[PDB]
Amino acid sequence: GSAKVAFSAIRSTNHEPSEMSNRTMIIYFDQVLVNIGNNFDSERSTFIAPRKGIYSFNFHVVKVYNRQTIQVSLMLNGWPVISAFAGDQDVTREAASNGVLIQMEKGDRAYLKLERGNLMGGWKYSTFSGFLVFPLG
């Protein structure tokens, strides 16, 4: 129906991963700046496509020193589409960043999963946003 669809969420705290997050390995975002269409489930940090079309996605997952290197991936219905990486050192914060355009059908689910390493020490300043570029008949 609506051709105006976009979401944007950020991690605004250094707080540690939850017990459920330790299980699902899905990255949570507490603050949702944008959510037109209400298609982003903030409770599960997942975007569900309301219709067929081309969707844009971008993420930047920031971490601190924690004796661990990480690999983040954008999951599409349980399968990784793109991935990003970050090293580990006590000099500065570093980010695993990537973006992509993909075709999603109505009901397709998009979310970020931590494939390697952990986010102990928090992942403040992390970002995850997306929008509908255009629908498809």
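All residue numbers are counted from 1 along the displayed sequence.
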82 to 90 set against 25 to 33, stretch whose average Cα temperature factor tops the other in the entry: 82 to 90
Per the entry, higher mean C-alpha B factor between 15 to 23 and 121 to 129: 15 to 23
Residue of maximum C-alpha B factor among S56, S73, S97, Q68, per deposited coordinates: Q68
Record-listed C-alpha B factor of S45: chain third: middle
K52 by Cα B-factor - lowest, middle or highest third of the modelled chain: middle
Third of the chain, ranked by Cα B-factor, where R109 sits: highest
